[PDB]
Amino acid sequence: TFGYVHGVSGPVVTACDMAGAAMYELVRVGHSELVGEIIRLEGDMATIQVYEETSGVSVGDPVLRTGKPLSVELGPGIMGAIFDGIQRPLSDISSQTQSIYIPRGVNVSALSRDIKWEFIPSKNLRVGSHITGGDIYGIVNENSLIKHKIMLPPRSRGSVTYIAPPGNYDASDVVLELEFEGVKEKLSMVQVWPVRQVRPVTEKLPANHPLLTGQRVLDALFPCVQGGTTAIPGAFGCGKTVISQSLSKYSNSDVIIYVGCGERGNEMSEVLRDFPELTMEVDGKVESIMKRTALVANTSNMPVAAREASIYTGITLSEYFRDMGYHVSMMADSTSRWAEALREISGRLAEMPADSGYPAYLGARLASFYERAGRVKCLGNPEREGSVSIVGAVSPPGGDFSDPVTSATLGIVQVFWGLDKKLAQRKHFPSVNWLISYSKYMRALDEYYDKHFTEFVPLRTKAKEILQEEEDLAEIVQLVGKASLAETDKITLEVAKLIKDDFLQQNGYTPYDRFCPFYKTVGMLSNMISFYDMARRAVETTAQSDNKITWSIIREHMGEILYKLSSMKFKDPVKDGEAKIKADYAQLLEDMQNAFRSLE
Amino acid sequence: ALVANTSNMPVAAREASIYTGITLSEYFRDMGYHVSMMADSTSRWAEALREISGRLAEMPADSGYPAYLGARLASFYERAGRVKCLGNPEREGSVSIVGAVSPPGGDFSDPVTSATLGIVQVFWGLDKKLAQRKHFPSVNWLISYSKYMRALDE
Amino acid sequence: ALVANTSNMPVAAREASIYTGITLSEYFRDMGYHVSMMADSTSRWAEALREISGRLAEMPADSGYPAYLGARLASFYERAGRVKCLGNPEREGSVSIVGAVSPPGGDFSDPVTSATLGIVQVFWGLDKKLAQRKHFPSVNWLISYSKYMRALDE
Amino acid sequence: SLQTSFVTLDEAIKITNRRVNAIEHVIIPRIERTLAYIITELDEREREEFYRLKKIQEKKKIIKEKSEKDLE
Amino acid sequence: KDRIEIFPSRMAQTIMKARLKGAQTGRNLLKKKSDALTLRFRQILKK
Amino acid sequence: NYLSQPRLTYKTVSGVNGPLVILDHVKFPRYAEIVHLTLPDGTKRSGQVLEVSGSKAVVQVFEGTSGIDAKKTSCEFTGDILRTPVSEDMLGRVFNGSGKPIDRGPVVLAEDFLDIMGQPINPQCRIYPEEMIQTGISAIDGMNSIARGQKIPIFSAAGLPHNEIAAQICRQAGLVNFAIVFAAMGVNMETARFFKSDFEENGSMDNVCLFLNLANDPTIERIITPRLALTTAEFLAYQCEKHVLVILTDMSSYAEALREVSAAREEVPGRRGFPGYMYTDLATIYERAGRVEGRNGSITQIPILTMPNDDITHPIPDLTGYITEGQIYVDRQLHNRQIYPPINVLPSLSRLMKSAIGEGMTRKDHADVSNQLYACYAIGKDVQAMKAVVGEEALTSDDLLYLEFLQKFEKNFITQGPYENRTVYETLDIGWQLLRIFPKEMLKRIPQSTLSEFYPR
Amino acid sequence: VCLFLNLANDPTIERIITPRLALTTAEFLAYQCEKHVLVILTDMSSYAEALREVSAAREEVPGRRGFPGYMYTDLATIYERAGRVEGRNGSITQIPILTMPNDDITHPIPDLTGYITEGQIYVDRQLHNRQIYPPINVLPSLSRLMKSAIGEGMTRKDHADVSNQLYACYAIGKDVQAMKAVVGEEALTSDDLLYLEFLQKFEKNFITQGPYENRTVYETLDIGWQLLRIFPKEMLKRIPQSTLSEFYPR
């Protein structure tokens with residue numbers, strides 16, 4: 001089976017007797033089993049890019065091939081796991097080695113063996129039954145939330161020769177046996193998939209439903225669809241946690257995957273410390289969010305190939321959960337750190353530089369990753385839908401979007417929540433700059449809003465216009481002062497102030513703003529814009545009259561409605577029923593209508 | 001007379017096209033005609049010299065162009081002039097050569113532009129600012145020059 | 001004493017002049033003399049190291065210079081200092097080194113300048129602005145530095 | 001005195017705002033577009049150097065391999 | 001026209017960063033001048 | 001006649017390096033021939049021989065080399081270059097980047113096999129293009145007229161609505177029978193749906209052929225994607241006398257495929273790391289356009305490209321700009337103000353507008369109106385740049401009229417609905433209603449006869 | 001005279017030898033035949049382009065901009081064949097000429113040349129577009145031997161002082177010319193306006209020669225003092241007050 005080391009130079013290990021080896025095959029080098037990829041073949045010889053430090057590898061050392069390219073073990077026991085970028089299990093490395101270090105050349109099986117999982121076979125199946133890739137042949141109760149749908153691997157097919165009865169089985173127990181063309185395949189709960197290959201689908205559907213974040217600016221003005229591709233300018237001064245924690249606690253995705261792309265050592269431990277302590281309410285129980293996520297963490301001194309692979313590992317996990325019919329959300333907290341790892345591989349391969357020193361294929365390696373998002377009809381027969389949403393942060397130096405990883409990312413992602421240090425310094429959380437930010441999914445979500453929130457598309461359009469008018473009017477205020485504006489424009493600044501101060505801002509540490517349902521979000525904006533339209537009608541109806549309405553008259557005779565329009569943020573879906581909340585909003589609409597009717 | 005070799009015709013044939021055009025022009029010059037030779041771009045000629053160099057693996061100078069690019073252009077433009085022709089009857093032929101260099105990115109720091117302006121006595125530098133204004137012919141009258149003016153004053 | 005290599009002397013003779021100079025300076029330093037040595041430019045030595053490296057088919061590092069340019073300059077400048085001389089009469093000689101550094105095109109980001117600034121404790125930054133106004137001796141008192149102030153205070 | 005002061009301040013504000021906007025919309029944009037061109041062409045020279053050094057390194061490896069084959 | 005056309009070099013990158021800091025400092029110094037003049041100008045108009 | 005000799009198949013993979021497999025012991029290797037590779041797991045792949053030397057054939061593999069094996073890989077050499085199967089039955093169909101069908105129809109039952117590279121159209125047989133196409137869009141038809149047989153690309157900054165403009169041109173294009181070949185290189189699936197949907201919504205399927213290479217499809221297929229589209233367009237125009245329009249979407253994703261292949265090959269780099277031959281390769285795509293003597297056929301092309309970082313001097317727009325007959329530009333300075341379609345006239349030109357206008361084609365005034373609209377819009381931008389320094393109080397009343405012209409112009413000439421179709425004659429009447437903003441004597445690009453025939457009306 | 005001609009149509013490699021033939025003839029005429037010799041080398045850039053052609057064809061490791069790394073020593077074997085020698089009356093003066101590519105003073109050809117040659121005479125596009133013949137920009141021009149070519153008995157004794165002051169005045173002239181745009185003409189003081197008048201009068205009278213005017217050193221310094229007399233006496237700060245009292249009141 002194995003070859004022998006012929007030469008070593010830095011991480012490059014040339015091996016011989018490798019006549020059976022394949023391009024990008026995964027190889028273990030040396031007596032310590034150091035990981036590496038074959039980057040060239042030259043006869044019976046192979047050149048291996050060893051990931052880990054090769055110091056101590058010798059000529060004549062064994063070179064053991066795995067029968068596979070770089071691949072992710074998929075199966076039960078992912079939830080709660082922590083992985084490096086190449087799927088090695090950092091929690092289990094810790095518990096087995098009892099060391100603060102990863103030992104060079106770990107061989108710990110990625111999904112923990114020996115855990116007998118509770119398995120229920122898919123009760124419709126029988127010996128002699130037909131089956132195709134993506135058929136759910138049984139369910140594993142790995143945690144309370146995520147019933148793990150075991151499925152036939154996408155390339156496997158045939159007739160079921162055996163299925164295991166209900167019972168407890170570990171990942172190496174043969175749960176299914178099937179036959180095709182007279183050839184038997186024995187099959188386990190563990191499933192191996194090539195990480196740089198897209199898990200296939202019945203069809204990638206158009207994305208049409210909101211990925212609700214529970215955050216007013218993010219859900220109202222810049223919506224991301226389930227299946228959406230999005231970016232965040234993740235940098236310290238902007239408060240990036242406001243999105244990622246809110247998504248993690250509240251958002252309407254059944255599973256989450258985190259990729260530490262290549263983050264600073266201490267910033268990595270913040271993620272790994274924090275998430276275990278976060279919790280969600282499910283069916284009125286409180287449970288740790290680690291019940292529904294896996295953290296593919298990588299510090300900056302993890303192997304280059306692990307950082308470059310880490311993004312592809314996280315999406316390959318996310319695609320397995322998508323194929324279980326779950327909606328995954330995938331956070332990628334610095335695509336720039338991944339692009340540096342990619343640049344280092346290209347540099348070590350002695351390839352020619354392109355834009356700003358990045359490789360030629362940076363555009364393709366980004367685009368072919370973001371195209372792994374979307375809603376799908378899964379493979380296999382229970383017709384189930386699912387999705388992956390990719391929330392891939394960017395880190396343009398000095399905020400300069402001309403940086404090729406940032407520019408190519410903004411050339412691909414349909415949504416960009418442009419967090420800004422100027423807003424974060426003012427504590428305007430969630431700190432999203434609404435002038436910078438955008439979403440392309442507005443058109444595709446019209447179906448959803450038409451069915452469920454039919455007035456909201458008008459309100460969203462009016463809100464964006466009022467905010468744009470605030471920035472335009474602010475130039476006139478800076479030139480000639482607020483006193484010089486028309487009455488319409490003065491009330492436009494007052495409503496834009498309410499929108500900026502009490503709609504778009506949301507302090508997630510407060511019990512009332514921990515989350516914000518879409519109905520609460522619509523009701524708030526409906527009242528602010530109802531006030532805007534009634535104030536604007538009162539002003540415009542009294543245009544060229546003797547007695548004329550103005551912001552000061554409105555504030556004098558109905559400053560209570562201005563106070564209520566701010567106060568509506570404090571309403572609490574936990575303490576207040578939906579009917580109570582909706583009724584208070586309806587009462588404020590009636591109150592403001594009577595109040596304006598008393599003037600004009 | 002035309003010597004075509006359009007952008008999608010074989011790269012190598014661009015060299016032969018230029019040398020064919022000046023060979024014809026030198027022949028009509030030896031008859032005593034005042035020939036003019038147009039060349040629609042010396043940079044697209046020099047890109048043929050770049051391609052052959054890249055296939056041969058010769059070392060590039062600036063921007064990939066071969067180091068002999070200067071000498072190729074020099075031994076092209078110096079085929080101009082007015083001449084007392086060979087042979088018995090005296091004739092005053094000429095070839096006037098007009099190479100329409102097309103600098104990549106529009107940037108006159110381009111090695112073909114730099115080598116070309118080293119050799120030629122007349123430089124009609126066009127400018128995209130004028131062409132955007134629809135100011136045509138788009139000659140920039142600051143950067144352009146004609147070294148022949150002292151002879152033409154006579 | 002003078003070691004004198006006109007620029008047309010062979011590339012290796014330019015390197016030898018530096019090592020000869022410091023070895024003579026160290027020889028008189030061992031006599032307890034407070035030797036001083038001045039080089040006409042360490043950049044001209046680096047131009048010798050460049051040409052040597054190229055001819056040997058070495059991998060260059062920046063602007064054709066060898067990567068070991070820094071280590072060469074250190075094996076020159078770190079032969080300076082005061083010393084307690086070897087052997088029996090206790091005497092304290094020194095070699096002061098004034099290594100000049102005009103950079104290519106006047107660019108103070110240059111490898112031999114940067115490598116020199118990583119090693120020398122004093123930088124008499126002469127400046128074109130002062131020289132153009134004919135201010136002499138033309139030292140820029142805002143770019144220049146001398147780390148020795150900490151010792152000289154005693 | 002207020003009249004002469006007011007008129008003089010109006011002219012001084014116009015002169016100052018012309019300089020401020022000429023800095024903001026002429027001088028700074030010439031410099032930032034120049035600095036982008038400098039960073040671009042500096043990186044072009046860095047690629048042209050990289051490619052020459054890489055092709056040299058490949059020819060050396062060929063010459064080494066040929067020199068070992070010539071021992072047979 | 002659109003650029004200063006100093007020839008590409010690490011010297012020129014240093015000089016253009018210095019020219020940018022110069023021009024940006026000049027903008028800030030003249031912005032303080034414009035603000036102080038604007039305040040006095042509006043005071044005088046009321047007087 | 002058919003090649004009667006049986007095919008050789010080799011396992012002699014002497015190496016693999018990047019996207020290249022290096023066969024050895026090959027019997028008389030043929031440059032640019034196609035290899036079909038079977039990997040150890042039985043996956044089929046295809047490749048083209050980029051170099052031959054004695055017994056060696058260096059084959060580039062389109063699906064990439066991941067999984068190629070030095071012993072268990074079978075390379076069948078077809079003994080011939082890559083030929084596209086073509087037929088008129090390719091209208092109303094959808095193909096992937098390598099020309100396999102994805103509409104769930106059968107393979108192309110060929111009327112012929114054509115060399116994917118095409119042939120160089122003989123400059124003596126090329127007709128100079130001159131019959132006008134209305135696109136229906138005023139910023140094109142009024143100031144950048146497209147001739148039947150012209151190639152003229154739409155440049156755009158990233159994320160601008162260039163797909164919508166190109167879709168609208170497919171909906172509204174006509175003379176003052178037709179077919180489309182649409183290709184996209186590295187298009188995201190969200191945009192691939194838009195293009196396929198729009199042809200289905202317009203009822204156009206019966207006279208459009210789509211080649212889709214998606215942004216995750218193997219990046220070497222992008223090199224053949226527009227070549228397949230052109231080879232179909234050449235069949236439809238030059239053999240079937242169809243009036244063809246070819247749309248090539250993100251020639252930037254094509255140029256990225258050239259840059260990736262160039263890196264893998266180690267070619268001499270030009271600017272921004274694109275290969276030194278990027279002009280010739282782009283010409284091998286773009287020059288497969290125009291009318292040809294004795295044929296009623298014609299290939300029009302409207303390529304589209306995303307200008308990287310909006311830079312007009314970038315090699316992709318720049319080399320395309322050298323090869324193509326003027327260009328149509330789309331701008332953020334229009335799109336941010338919601339001016340659809342966001343076409344900026346000022347950097348735009350159409351080289352064939354200097355012929356596909358005037359009597360029998362368009363109204364007499366057209367050339368004059370276009371030139372005066374260009375002057376007024378350009379002066380409008382110049383006085384806007386003055387206002388940004390010295391304020392509007394320094395501008396003359398004439399200069400203020402050019403600034404007001406620039407506003408009225410964008411609001412009426414450029415601004416147009418996504419389904420609104422305008423004739424050239426309607427566009428010129430709009431042009432005059434804008435020119436009437438100035439006193440007659442200021443119209444320095446228009447002759448006194450054209451003013452006397454059209455200015456007061 | 002003695003002319004060697006390689007023209008732009010003659011083969012590249014001959015022009016590598018052309019300058020060495022000229023200098024070898026100059027060594028015979030100077031150092032064996034006692035001639036005072038001037039050597040003119042008409043385009044050192046075409047010489048360096050010939051080195052780049054052969055170097056690239058030899059597959060040698062490049063220096064910056066792809067020239068052979070040895071071009072400094074090589075250009076030295078050309079430029080160092082100059083100057084007087086022991087016992088000889090003869091002398092090889094050289095005035096090489098060098099086509100700066102892209103107008104770039106820092107280009108490897110002029111850069112390595114500037115290190116070997118004893119200054120440079122710099123001819124500027126800006127002065128040429130103004131029709132100033134010869135277009136020599138005095139500021140970037142230098143001459144290392146000037147400090148020993150000039151002085152009592154070699155010239156009139158004031159010649160160093162007048163030239164030093166004029167040179168600083170031209171430099172200040174170009175700086176106030178930059179101020180006239182960056183800050184405006186209205187920001188200039190009476191002194192800055194006198195440096196601007198100096199810059200204009202200096203180009204007109206000092207720099208502008210005409211192609212057959214053969215001015216003596218005395219006519220040059222006399223025009224120099226007629227220009228320095230534009231300023232108040234106290235502005236001539238580089239000149240010693242002894243020299244000013246002899247030559248300013250003229």
# chains A, B, ... in the order shown; residues from 1 in each chain; ligands from 1

call {"tool": "closest_atom_pairs", "arguments": {"of": "chain G", "to": "chain D", "cutoff": "12 Å", "atoms": "only C-alpha atoms", "output": "Markdown table"}}
result
| residue | atom | partner | partner_atom | distance |
| --- | --- | --- | --- | --- |
| G:56 | CA | D:52 | CA | 10.4 |
| G:58 | CA | D:56 | CA | 11.5 |
| G:59 | CA | D:56 | CA | 7.7 |
| G:60 | CA | D:56 | CA | 8.5 |
| G:61 | CA | D:56 | CA | 7.5 |
| G:62 | CA | D:52 | CA | 8.1 |
| G:63 | CA | D:49 | CA | 9.3 |
| G:64 | CA | D:49 | CA | 8.1 |
| G:65 | CA | D:45 | CA | 7.9 |
| G:66 | CA | D:49 | CA | 8.1 |
| G:67 | CA | D:49 | CA | 11.6 |
| G:181 | CA | D:19 | CA | 10.6 |
| G:182 | CA | D:27 | CA | 8.6 |
| G:183 | CA | D:19 | CA | 7.6 |
| G:184 | CA | D:19 | CA | 9.0 |
| G:186 | CA | D:15 | CA | 10.4 |
| G:187 | CA | D:15 | CA | 11.2 |

call {"tool": "interface_residues", "arguments": {"of": "chain D", "to": "chain E", "cutoff": "9 Å", "atoms": "only C-alpha atoms", "output": "ChimeraX atom specification"}}
result
/D:2-3,5-7,9-10,12-14,16-17,19-21,23-24,26-35,37-42

call {"tool": "interface_residues", "arguments": {"of": "chain D", "to": "chain A", "cutoff": "10 Å", "atoms": "only C-alpha atoms", "output": "MDAnalysis selection string"}}
result
chainID D and resid 39:40 43:44 46:48 50:51 54

call {"tool": "atom_distance", "arguments": {"atom1": "CA of residue 593 (chain A)", "atom2": "CA of residue 531 (chain A)"}}
result
8.2 Å

call {"tool": "residues_around", "arguments": {"residues": "residue 25 (chain B)", "least_positions_apart": "6", "cutoff": "8 Å", "atoms": "only C-alpha atoms", "output": "CSV table (one decimal) with N, CA and C atoms, in the first residue's frame"}}
result
chain,number,residue,atom,x,y,z
B,35,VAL,N,6.1,57.3,-51.5
B,35,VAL,CA,5.3,56.3,-50.8
B,35,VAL,C,5.0,56.8,-49.4
B,36,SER,N,3.8,56.5,-48.9
B,36,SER,CA,3.5,56.5,-47.5
B,36,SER,C,3.1,55.1,-47.1
B,37,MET,N,3.5,54.7,-45.9
B,37,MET,CA,3.2,53.5,-45.3
B,37,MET,C,2.4,53.8,-44.0
B,95,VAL,N,9.9,56.8,-48.5
B,95,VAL,CA,8.8,56.2,-47.7
B,95,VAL,C,8.6,57.0,-46.5

call {"tool": "residues_around", "arguments": {"residues": "residue 147 (chain B)", "least_positions_apart": "5", "cutoff": "10 Å", "atoms": "only C-alpha atoms", "output": "VMD selection string"}}
result
chain B and resid 120 to 123 152

call {"tool": "closest_atom_pairs", "arguments": {"of": "chain C", "to": "chain G", "cutoff": "7 Å", "atoms": "only C-alpha atoms", "output": "tab-separated table"}}
result
residue	atom	partner	partner_atom	distance
C:7	CA	G:76	CA	5.6
C:8	CA	G:76	CA	4.5
C:11	CA	G:73	CA	6.8
C:50	CA	G:69	CA	6.7
C:51	CA	G:69	CA	5.0
C:54	CA	G:61	CA	5.0
C:55	CA	G:61	CA	6.9
C:57	CA	G:61	CA	6.3
C:63	CA	G:64	CA	5.3
C:64	CA	G:63	CA	5.0
C:104	CA	G:111	CA	6.7
C:105	CA	G:106	CA	4.4
C:132	CA	G:168	CA	6.2
C:133	CA	G:168	CA	4.7
C:134	CA	G:168	CA	6.0

call {"tool": "write_last_selection", "arguments": {"atoms": "N, CA and C atoms", "output": "mmCIF file, in the first residue's frame"}}
result
data_model
loop_
_atom_site.group_PDB
_atom_site.id
_atom_site.type_symbol
_atom_site.label_atom_id
_atom_site.label_comp_id
_atom_site.auth_asym_id
_atom_site.auth_seq_id
_atom_site.Cartn_x
_atom_site.Cartn_y
_atom_site.Cartn_z
ATOM 1 N N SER C 7 35.586 52.892 -10.489
ATOM 2 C CA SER C 7 34.397 52.053 -10.692
ATOM 3 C C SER C 7 34.558 50.924 -11.721
ATOM 4 N N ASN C 8 35.472 51.058 -12.682
ATOM 5 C CA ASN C 8 35.785 50.061 -13.712
ATOM 6 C C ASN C 8 36.664 48.893 -13.240
ATOM 7 N N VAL C 11 34.409 43.544 -10.364
ATOM 8 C CA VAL C 11 33.384 43.538 -9.321
ATOM 9 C C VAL C 11 33.894 42.999 -7.987
ATOM 10 N N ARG C 50 25.354 42.600 -5.767
ATOM 11 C CA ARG C 50 24.320 42.343 -6.768
ATOM 12 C C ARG C 50 24.910 41.685 -7.992
ATOM 13 N N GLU C 51 25.900 42.315 -8.605
ATOM 14 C CA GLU C 51 26.512 41.788 -9.815
ATOM 15 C C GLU C 51 27.147 40.413 -9.585
ATOM 16 N N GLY C 54 24.147 37.835 -9.254
ATOM 17 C CA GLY C 54 23.585 37.579 -10.575
ATOM 18 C C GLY C 54 24.443 36.627 -11.396
ATOM 19 N N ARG C 55 25.748 36.882 -11.490
ATOM 20 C CA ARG C 55 26.669 36.047 -12.282
ATOM 21 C C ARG C 55 26.758 34.612 -11.770
ATOM 22 N N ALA C 57 24.239 33.010 -10.575
ATOM 23 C CA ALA C 57 22.892 32.480 -10.719
ATOM 24 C C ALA C 57 22.179 32.223 -9.377
ATOM 25 N N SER C 63 15.067 44.173 -5.814
ATOM 26 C CA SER C 63 15.788 45.040 -6.750
ATOM 27 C C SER C 63 17.108 44.412 -7.214
ATOM 28 N N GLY C 64 17.097 43.092 -7.391
ATOM 29 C CA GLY C 64 18.252 42.266 -7.737
ATOM 30 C C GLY C 64 19.249 41.977 -6.609
ATOM 31 N N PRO C 104 19.799 54.170 -4.948
ATOM 32 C CA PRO C 104 19.341 54.236 -6.337
ATOM 33 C C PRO C 104 18.225 55.264 -6.516
ATOM 34 N N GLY C 105 18.387 56.175 -7.473
ATOM 35 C CA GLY C 105 17.441 57.265 -7.731
ATOM 36 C C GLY C 105 17.206 58.263 -6.583
ATOM 37 N N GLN C 132 19.914 71.999 -2.558
ATOM 38 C CA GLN C 132 19.361 72.826 -3.629
ATOM 39 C C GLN C 132 19.289 74.301 -3.226
ATOM 40 N N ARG C 133 18.904 74.600 -1.981
ATOM 41 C CA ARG C 133 19.035 75.950 -1.403
ATOM 42 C C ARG C 133 20.485 76.338 -1.060
ATOM 43 N N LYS C 134 21.473 75.505 -1.405
ATOM 44 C CA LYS C 134 22.903 75.651 -1.075
ATOM 45 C C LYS C 134 23.184 75.849 0.430
#

call {"tool": "atom_distance", "arguments": {"atom1": "CA of residue 124 (chain C)", "atom2": "CA of residue 139 (chain C)"}}
result
6.2 Å

call {"tool": "residues_around", "arguments": {"residues": "residue 219 (chain G)", "least_positions_apart": "4", "cutoff": "12 Å", "atoms": "only C-alpha atoms", "output": "PyMOL selection string"}}
result
chain G and resi 155-156+159+205-206+209+213-215+223-226

call {"tool": "interface_residues", "arguments": {"of": "chain C", "to": "chain E", "cutoff": "10 Å", "atoms": "only C-alpha atoms", "output": "ChimeraX atom specification"}}
result
/C:104-110

call {"tool": "closest_residue", "arguments": {"among": "G:8, G:38, G:50, G:127", "to": "residue 74 (chain B)", "atoms": "only C-alpha atoms"}}
result
G:8
